[PDB]
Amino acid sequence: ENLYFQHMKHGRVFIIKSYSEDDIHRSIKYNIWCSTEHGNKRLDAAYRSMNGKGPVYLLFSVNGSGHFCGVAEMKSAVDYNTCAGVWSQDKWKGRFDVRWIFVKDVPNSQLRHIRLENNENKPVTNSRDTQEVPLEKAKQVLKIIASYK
């Protein structure tokens, strides 16, 4: 029995879909991330709305990699005016702090059977960047990622 995520009634979870393995590596090295402008605003609102009352988790996956590659917690609001050209999209300016939790590869086949009711019942593995996960589905995804060997 692992009932750790029971009573966790606060927290929000988003899918991060990256085109670049280099961005993932930079993120792990420096504990930062940046999304599109749309994605950043979505993450920033969730972070600011949380008021430190619980975590904002990010479930990372490189497009076409066939797997998720880990989990980080969002650790600051978005700073929208930072040095350009640090990411795979050279136009991106903007940055927020993250803290990586799991760095491990989890095949999509381990997660494909969990579906998102806010995204037309599609598999969580078919999500787009900054797709939000309902908390009840996010608990199941996290337990799977933590347990995978």
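Throughout, rigid core stands for the largest set of C-alpha atoms superposing within 1.5 Å between the two forms. All residue numbers are counted from 1 along the displayed sequence.
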| item | value |
| --- | --- |
| Between stretches 81-89 and 101-109, more displaced by Cα RMS in 8 other deposited structures of this protein (rigid core superposition) | 81-89 |
| Stretch departing more from the displayed form, 49-57 or 92-100, Cα RMS in 8 other deposited structures of this protein (core fit) | 92-100 |
| Average Cα temperature factor in the PDB entry - higher stretch of 50-58, 96-104 | 50-58 |
| Residue stretch of maximal mean CA temperature factor, 123-131 vs 17-25 | 123-131 |
| Cα B factor band for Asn118 (lowest, middle or highest third within the chain) | middle |
| CA B-factor ranking of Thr36, expressed as a third of its chain | middle |
| Third of chain Cα B-factors occupied by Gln89 | middle |
| Chain third (lowest, middle, highest) by recorded CA B-factor, residue given as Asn63 | lowest |
